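Engineer: Enclosed is the structure file coords.cif (mmCIF, C-alpha atoms).
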```cif
data_run
loop_
_atom_site.label_atom_id
_atom_site.label_comp_id
_atom_site.auth_asym_id
_atom_site.auth_seq_id
_atom_site.Cartn_x
_atom_site.Cartn_y
_atom_site.Cartn_z
CA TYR A 4 98.91 -133.51 -48.90
CA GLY A 5 97.26 -133.41 -52.29
CA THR A 6 94.13 -131.53 -53.26
CA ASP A 7 91.80 -134.56 -53.22
CA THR A 8 92.62 -135.98 -49.77
CA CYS A 9 90.39 -133.76 -47.65
CA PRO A 10 87.24 -135.23 -46.08
CA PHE A 11 84.13 -134.06 -47.95
CA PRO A 12 80.83 -133.17 -46.19
CA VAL A 13 77.92 -135.56 -46.64
CA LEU A 14 74.28 -135.82 -45.57
CA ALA A 15 72.36 -139.04 -44.93
CA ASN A 16 68.75 -139.74 -45.88
CA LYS A 17 66.05 -141.98 -44.46
CA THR A 18 67.54 -145.05 -46.15
CA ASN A 19 70.97 -144.23 -44.63
CA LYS A 20 72.60 -143.61 -48.03
CA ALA A 21 75.22 -140.88 -47.81
CA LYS A 22 75.34 -138.15 -50.45
CA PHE A 23 77.93 -135.40 -50.85
CA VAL A 24 77.19 -131.74 -50.08
CA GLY A 25 77.93 -130.07 -53.40
CA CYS A 26 80.58 -131.33 -55.81
CA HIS A 27 83.54 -129.03 -55.12
CA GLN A 28 85.48 -127.77 -52.12
CA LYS A 29 88.80 -126.19 -51.28
CA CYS A 30 91.37 -128.75 -50.14
CA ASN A 31 94.78 -127.75 -48.78
CA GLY A 32 94.50 -124.53 -50.77
CA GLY A 33 93.66 -126.31 -54.02
CA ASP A 34 90.44 -127.25 -55.77
CA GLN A 35 88.77 -130.60 -55.09
CA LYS A 36 86.09 -131.82 -57.52
CA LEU A 37 84.00 -134.96 -57.23
CA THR A 38 83.78 -137.30 -60.19
CA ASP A 39 81.00 -136.79 -62.74
CA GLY A 40 77.90 -138.82 -61.91
CA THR A 41 78.36 -138.69 -58.14
CA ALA A 42 75.13 -138.37 -56.17
CA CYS A 43 74.97 -135.04 -54.34
CA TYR A 44 72.71 -132.55 -52.61
CA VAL A 45 72.38 -129.00 -53.96
CA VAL A 46 73.35 -127.48 -50.59
CA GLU A 47 75.96 -124.79 -49.91
CA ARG A 48 78.82 -125.78 -47.59
CA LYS A 49 78.20 -122.71 -45.43
CA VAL A 50 74.57 -123.77 -45.00
CA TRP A 51 75.63 -127.32 -44.11
CA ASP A 52 77.87 -125.71 -41.46
CA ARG A 53 74.72 -124.34 -39.80
CA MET A 54 72.81 -127.62 -39.97
CA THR A 55 72.00 -129.06 -36.53
CA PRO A 56 73.11 -132.72 -36.26
CA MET A 57 70.27 -135.24 -36.63
CA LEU A 58 67.49 -132.76 -37.33
CA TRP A 59 65.68 -133.39 -40.59
CA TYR A 60 66.19 -130.88 -43.39
CA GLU A 61 64.94 -130.83 -46.99
CA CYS A 62 67.58 -131.42 -49.65
CA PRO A 63 67.40 -130.95 -53.43
CA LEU A 64 68.79 -134.01 -55.17
CA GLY A 65 71.49 -133.55 -57.78
CA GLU A 66 74.35 -135.14 -59.71
CA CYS A 67 77.85 -133.80 -60.10
CA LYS A 68 78.81 -132.43 -63.51
CA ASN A 69 82.14 -130.61 -63.90
CA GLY A 70 82.25 -129.95 -60.16
CA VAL A 71 78.68 -128.62 -59.81
CA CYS A 72 75.73 -130.42 -58.20
CA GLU A 73 73.20 -130.13 -61.03
CA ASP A 74 69.63 -130.15 -59.81
CA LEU A 75 67.50 -133.22 -60.55
CA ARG A 76 64.26 -131.40 -59.54
CA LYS A 77 63.49 -133.78 -56.66
CA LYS A 78 63.65 -133.21 -52.90
CA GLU A 79 64.23 -135.68 -50.07
CA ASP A 80 64.76 -135.65 -46.31
CA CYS A 81 68.40 -135.29 -45.29
CA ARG A 82 70.19 -135.19 -41.93
CA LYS A 83 73.66 -134.32 -40.68
CA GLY A 84 75.57 -136.89 -38.68
CA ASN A 85 77.29 -136.58 -35.33
CA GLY B 7 79.75 -139.23 -38.95
CA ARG B 8 79.52 -136.26 -41.31
CA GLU B 9 82.32 -136.50 -43.91
CA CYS B 10 83.57 -139.07 -46.41
CA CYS B 11 86.94 -139.57 -48.12
CA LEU B 12 87.51 -139.88 -51.86
CA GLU B 13 91.28 -140.35 -52.14
CA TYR B 14 94.08 -141.15 -49.71
CA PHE B 15 97.19 -139.16 -48.94
CA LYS B 16 100.09 -141.12 -50.43
CA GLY B 17 102.95 -140.42 -48.06
CA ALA B 18 103.98 -140.54 -44.45
CA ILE B 19 102.68 -138.14 -41.81
CA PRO B 20 105.20 -137.90 -38.94
CA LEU B 21 103.75 -139.29 -35.71
CA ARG B 22 104.59 -136.10 -33.80
CA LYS B 23 102.33 -134.09 -36.11
CA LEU B 24 99.29 -136.27 -35.36
CA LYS B 25 96.76 -134.97 -32.83
CA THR B 26 93.83 -137.36 -33.21
CA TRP B 27 91.98 -139.63 -35.59
CA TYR B 28 88.61 -141.07 -36.48
CA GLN B 29 87.10 -143.55 -38.91
CA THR B 30 84.60 -142.35 -41.50
CA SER B 31 81.19 -144.01 -41.65
CA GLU B 32 80.70 -147.36 -43.35
CA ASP B 33 77.92 -145.58 -45.28
CA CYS B 34 80.67 -143.72 -47.17
CA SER B 35 81.61 -144.86 -50.66
CA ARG B 36 85.06 -145.75 -49.30
CA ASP B 37 86.45 -146.57 -45.89
CA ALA B 38 89.06 -144.26 -44.45
CA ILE B 39 90.98 -143.11 -41.43
CA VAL B 40 91.01 -139.34 -41.06
CA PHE B 41 93.98 -137.93 -39.17
CA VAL B 42 93.78 -134.48 -37.63
CA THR B 43 97.19 -132.86 -37.24
CA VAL B 44 98.34 -130.43 -34.56
CA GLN B 45 97.75 -127.69 -37.14
CA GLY B 46 94.12 -128.66 -37.57
CA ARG B 47 94.49 -130.24 -41.02
CA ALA B 48 92.32 -133.27 -41.79
CA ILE B 49 93.98 -135.94 -43.93
CA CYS B 50 92.17 -138.87 -45.54
CA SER B 51 94.30 -141.98 -45.11
CA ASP B 52 94.31 -145.55 -46.41
CA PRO B 53 92.76 -147.74 -43.68
CA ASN B 54 94.51 -150.80 -45.15
CA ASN B 55 97.99 -149.30 -45.10
CA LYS B 56 100.07 -150.73 -42.26
CA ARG B 57 101.66 -147.37 -41.44
CA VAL B 58 98.20 -145.84 -41.01
CA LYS B 59 96.91 -148.70 -38.86
CA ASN B 60 100.03 -148.42 -36.71
CA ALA B 61 99.62 -144.66 -36.30
CA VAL B 62 96.05 -145.20 -35.08
CA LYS B 63 97.37 -147.69 -32.52
CA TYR B 64 100.03 -145.16 -31.51
CA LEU B 65 97.40 -142.46 -30.94
CA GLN B 66 95.20 -144.91 -29.04
CA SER B 67 98.04 -145.83 -26.69
CA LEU B 68 98.54 -142.19 -25.69
CA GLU B 69 94.84 -141.84 -24.80
#
```
Will you turn the file into structure tokens for me?

Structural biologist:
Amino acid sequence: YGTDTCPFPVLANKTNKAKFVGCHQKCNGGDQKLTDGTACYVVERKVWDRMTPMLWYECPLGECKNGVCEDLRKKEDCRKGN
Amino acid sequence: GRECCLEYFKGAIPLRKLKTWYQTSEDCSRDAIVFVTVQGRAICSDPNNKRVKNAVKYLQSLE
């Protein structure tokens, strides 16, 4: 099915802008990397899995570089959708 | 919703392998239909492709 066709977890913020959770994931047994410059949150997928929908969490802002969400040293409110 | 699609599967999914579907949020960088197969695989799909739109209508008619 390709290794870039899997849905990718996101979190919303208080302006409703979606940002991706990390910059890499496994996809149909291959590696999926987001494009450099993509806005992301420095949050592990397995932590996102535990996030309760629509409760506010605190997310470190980042940008993707070679498949890693590189920290921008800023935090903002983030929430998981339904 | 809680996931967004980056690229679409280029190819046909047989109708009999489709279990359900949903549309990603308009807050995503792209629009997409996600199909969930009977094996639990989630497949980002082109929401402007006629075959995809038809498969959504197929799944809706079974509901």

Engineer: Please report as JSON, numbers by chain which residues of chain A come no farther than 7 Å from chain B, using all atoms listed in the file.

Structural biologist: {"A": [4, 5, 7, 8, 9, 10, 11, 12, 13, 14, 20, 21, 83, 84, 85]}

Engineer: Step by step, work through what the PyMOL selection byres ((chain A and resi 66) around 8) selects in the shown file, and finish by giving those residues as number ranges by chain.

Structural biologist: A: 39-44, 64-65, 67-68, 71-75

Engineer: I need the chosen residues saved as an mmCIF file, in the coordinates of the input, with C-alpha atoms.

Structural biologist:
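Output saved as selection_8.cif:
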```cif
data_model
loop_
_atom_site.group_PDB
_atom_site.id
_atom_site.type_symbol
_atom_site.label_atom_id
_atom_site.label_comp_id
_atom_site.auth_asym_id
_atom_site.auth_seq_id
_atom_site.Cartn_x
_atom_site.Cartn_y
_atom_site.Cartn_z
ATOM 1 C CA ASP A 39 81.000 -136.790 -62.740
ATOM 2 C CA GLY A 40 77.900 -138.820 -61.910
ATOM 3 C CA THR A 41 78.360 -138.690 -58.140
ATOM 4 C CA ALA A 42 75.130 -138.370 -56.170
ATOM 5 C CA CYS A 43 74.970 -135.040 -54.340
ATOM 6 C CA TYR A 44 72.710 -132.550 -52.610
ATOM 7 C CA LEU A 64 68.790 -134.010 -55.170
ATOM 8 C CA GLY A 65 71.490 -133.550 -57.780
ATOM 9 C CA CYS A 67 77.850 -133.800 -60.100
ATOM 10 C CA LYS A 68 78.810 -132.430 -63.510
ATOM 11 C CA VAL A 71 78.680 -128.620 -59.810
ATOM 12 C CA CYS A 72 75.730 -130.420 -58.200
ATOM 13 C CA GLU A 73 73.200 -130.130 -61.030
ATOM 14 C CA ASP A 74 69.630 -130.150 -59.810
ATOM 15 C CA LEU A 75 67.500 -133.220 -60.550
#
```

Engineer: Could you pull the residues within 7 Å of range 57-66 of chain B, counting only C-alpha atoms, minus those fewer than 6 positions along the same chain, as a VMD selection string?

Structural biologist: chain B and resid 21 26 to 27 51

Engineer: Could you work out how far CA of residue 63 in chain A lies from CA of residue 76 in chain A, giving the answer in Å with one decimal?

Structural biologist: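 So the two atoms, CA of residue 76 in chain A and CA of residue 63 in chain A, lie 6.9 Å apart.
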
Engineer: List the spatial neighbours of residue 6 in chain A as an mmCIF file with C-alpha atoms, in the coordinates of the input - criterion: any atom at most 8 Å away, all atoms listed in the file, same-chain residues fewer than 4 positions off excluded.

Structural biologist:
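Below you can see out_20.cif, which holds the result:
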```cif
data_model
loop_
_atom_site.group_PDB
_atom_site.id
_atom_site.type_symbol
_atom_site.label_atom_id
_atom_site.label_comp_id
_atom_site.auth_asym_id
_atom_site.auth_seq_id
_atom_site.Cartn_x
_atom_site.Cartn_y
_atom_site.Cartn_z
ATOM 1 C CA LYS A 29 88.800 -126.190 -51.280
ATOM 2 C CA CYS A 30 91.370 -128.750 -50.140
ATOM 3 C CA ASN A 31 94.780 -127.750 -48.780
ATOM 4 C CA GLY A 32 94.500 -124.530 -50.770
ATOM 5 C CA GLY A 33 93.660 -126.310 -54.020
ATOM 6 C CA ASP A 34 90.440 -127.250 -55.770
ATOM 7 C CA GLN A 35 88.770 -130.600 -55.090
#
```

Engineer: What would the selection look like, as a list in words, if the PyMOL selection byres ((chain B and resi 23) around 8) were run on the coordinates I just shared?

Structural biologist: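 Applying the PyMOL selection byres ((chain B and resi 23) around 8) to the structure shown produces residues 19, 20, 21, 22, 24, 25, 43, 44 and 45 of chain B.
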
Engineer: For CA of residue 19 in chain A and CA of residue 46 in chain B, quote the distance in Å rounded to one decimal.

Structural biologist: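 The value is 28.8 Å.
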
Engineer: Kindly give the distance, in Å, that separates CA of residue 15 in chain A and CA of residue 37 in chain A, rounded to a single decimal.

Structural biologist: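 CA of residue 15 in chain A sits 17.4 Å away from CA of residue 37 in chain A.
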
Engineer: Near residue 47 in chain A, counting only C-alpha atoms, which residues have an atom at most 10 Å away, once you skip same-chain residues fewer than 6 positions from it, shown as a list in words?

Structural biologist: residues 24, 25 and 26 of chain A

Engineer: Okay, now the selection with C-alpha atoms, as a PDB file, in the frame of the given file?

Structural biologist:
```pdb
ATOM      1  CA  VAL A  24      77.190-131.740 -50.080  1.00  0.00           C
ATOM      2  CA  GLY A  25      77.930-130.070 -53.400  1.00  0.00           C
ATOM      3  CA  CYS A  26      80.580-131.330 -55.810  1.00  0.00           C
TER       4      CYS A  26
END
```
